[PDB]
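Secondary and tertiary structure notes
Here's the letter readout for the chains.
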There are 2 protein chains.
Amino acid sequence: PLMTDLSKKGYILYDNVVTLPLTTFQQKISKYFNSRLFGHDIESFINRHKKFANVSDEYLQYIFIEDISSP
Amino acid sequence: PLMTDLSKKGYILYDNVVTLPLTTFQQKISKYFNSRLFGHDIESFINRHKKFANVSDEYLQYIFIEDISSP
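As annotated in the PDB entry, chain A is Primase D5 from Monkeypox virus. Looking at the header, the entry is titled "The Cryo-EM structure of MPXV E5 in complex with ssDNA".

Laid out in C-alpha cells, this is it:
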C-alpha cells in the first residue's frame, strides 16, 4: 500500500504496477560499482531476471531499502 | 610512516594506499617498453596487478625503492 507515498519520492506508477525504468536503474547503480568490470555481471543478472508487462513496460520485481527507509 | 618523505615527492595517500600516476610511470619505462617487443608481455602485468579506482583514476600498489633514495 505504501506505493502511493513511494511515487511521491520521485517515482512513477503506471497501470497500478511498480515500473522500473532501465536507464535510471543503470545510472543509479553505476555510481557504486565499476561499469567496465561489472557490465557482463549486470547484463547476465538483468537478462535472467527482467520481466515486461507490456511491449514497452519493463520492470524488475525488486525494491531497494534506502528508498523505503523512513527518514 | 614514510608520509614525511612521500609527501615531499608530490604523491598523495588515497584510502591509505599509495598512488602512482600512470603518465610518470610510463616516463621511466619508455626504453624498457616496446609495443612490438614488450606490449603483449606488459599487458599480462597491467591487467593482472594494476588496479584502478575508476576509469580516470589510476594507481599502483608498488613503489620504486631505488628511485626514492636521495643521490
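The next thing to look at is unusual backbone geometry. The phi torsion of most residues other than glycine is negative, and most of the peptide bonds are trans. One non-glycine residue, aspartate 15 of chain A, adopts positive backbone phi at about 55 degrees. Inspection of the secondary structure puts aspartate 15 of chain A in the loop between β1 (13-14) and β2 (17-18).

Before going further, it helps to spend a moment on the side chain of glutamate 58 of chain B. All names here are of chain B. Structurally, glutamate 58 is set in the segment after α3 (39-49). Taking relative accessible area as the criterion, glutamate 58 reaches 18% and is therefore assigned buried. A distance of 2.3 Å separates polar atoms of two side chains, one belonging to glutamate 58 and the other to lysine 50. Apart from the residues lying within four places of it in its own chain, the contact partners of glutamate 58 are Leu20, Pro21, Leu22, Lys50 and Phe52.

Below, the discussion takes up helix α3 (residues 35-47) of chain A. Residues and elements named next belong to chain A. Helix length check: α3 (13 residues) gives 17 Å between terminal C-alpha atoms against 18 Å at 1.5 Å per residue, within 8%. Its maximal kink placed at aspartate 41, α3 deviates by approximately 25 degrees. The N-cap residue of α3 is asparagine 34: its side-chain oxygen and the backbone nitrogen of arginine 36 are 2.9 Å apart.

The next thing to look at is the environment of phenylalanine 33 of chain B. Residues and elements named next belong to chain B. Along the chain, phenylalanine 33 turns up in the loop between α2 (22-28) and α3. Sequence-wise, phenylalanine 33 and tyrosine 14 are 19 residues apart; in three dimensions their C-alpha atoms are separated by 28 Å. Among all residues touching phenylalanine 33, those that are not within four sequence positions of it are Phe38, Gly39 and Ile42.

Next up on the list: a nonpolar patch on the surface. A grouping of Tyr32, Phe33, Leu37 and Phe38 of chain A together with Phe52 of chain B is seen on the molecular surface, where their side chains present a nonpolar patch of about 520 Å² in accessible area. Note on placement: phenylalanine 52 of chain B falls in the segment after α3.

Time to look at the environment of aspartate 5 of chain A. Residue placement: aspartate 5 of chain A occurs in helix α1 (residues 3-6). Through-space distance from the C-alpha of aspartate 5 of chain A to that of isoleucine 68 of chain A is 9.5 Å; in sequence the pair is 63 residues apart.

Residues and elements named next belong to chain A. By the definition in use, this model includes five aromatic pairs over all chains. Relative to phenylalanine 33, the ring of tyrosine 32 lies with its centre 6.0 Å away and its plane at 75 degrees, an arrangement referred to as edge-to-face. Residue class for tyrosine 32 comes out exposed when judged on its relative accessible area of 56%. The exposure class assigned to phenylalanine 33 is partly exposed, which follows from its relative accessible area of 44%. Both rings, one in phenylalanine 33 and one in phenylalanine 38, keep their centres 6.5 Å apart while their planes meet at 75 degrees; by these two values the pair is edge-to-face. Judged by its relative accessible area of 36%, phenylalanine 38 falls in the partly exposed class.

Residues and elements named next belong to chain A. You can see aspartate 57 is positioned in the loop between β3 (51-52) and β4 (58-59). For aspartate 57, which is buried and forms no salt bridge, the nearest opposite charge comes from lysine 51, at a distance of 13 Å. If near-sequence neighbours (up to four positions away) are discounted, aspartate 57 is found in contact with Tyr14, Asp15 and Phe52.

Rules behind the numbers
- Within each chain the first residue of the written sequence is number 1 and the count goes on from 1 in that order, possibly differing from the entry; residues lacking coordinates are omitted.
- As they are written, the chains are lettered A onward and the ligands numbered 1 onward, keeping that order.
- What you see is a piece of a larger assembly; the numbers all apply to this piece alone.
- Hydrogens and water are ignored here; the side-chain numbers use all heavy atoms of the structure.
- Helix numbering and strand numbering both begin at the N terminus, where a helix is a DSSP run of H or I of at least 4 residues and a strand a DSSP run of E of at least 2.
- Between buried and exposed lies partly exposed: a residue is buried under 20% and exposed over 50% of the maximum accessible area for its type, with that area taken using a 1.4 Å probe on protein chains only.
- What qualifies as a polar contact is a pair of N or O atoms within 3.5 Å, subject to a donor-acceptor requirement within protein and to the restriction that residues adjacent in sequence count only when both atoms come from side chains.
- Any two residues whose heavy atoms approach within 4.5 Å at even a single point are treated as in contact.
- The span you would expect from a helix comes to 1.5 Å times its residue count less one.
- The seven residues ending at a residue and the seven starting there each receive a fitted axis; the angle between those axes is the bend at that residue.
- Surface patches are drawn from residues lacking salt bridges whose relative accessible area is over 30%; two like charges belong together within 9 Å, two nonpolar side chains (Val, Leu, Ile, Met, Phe, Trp, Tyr) within 5 Å.
- Note on areas: these come from Shrake-Rupley sampling with a 1.4 Å probe, and a residue is covered only by the protein chains present in the view.
- In the sections that follow, a salt bridge refers to a side-chain nitrogen of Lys or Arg positioned within 4 Å of a carboxyl oxygen of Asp or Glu.
- In summary, the pairing rule links any two rings of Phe, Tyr or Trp, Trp by its six-membered ring, whose centres are within 6.5 Å, and it sorts them by plane angle into stacked for under 30 degrees, edge-to-face for over 60 and tilted for everything else.
- Here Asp and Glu are counted as negative and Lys and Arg as positive; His is not counted, and neither are the chain ends.

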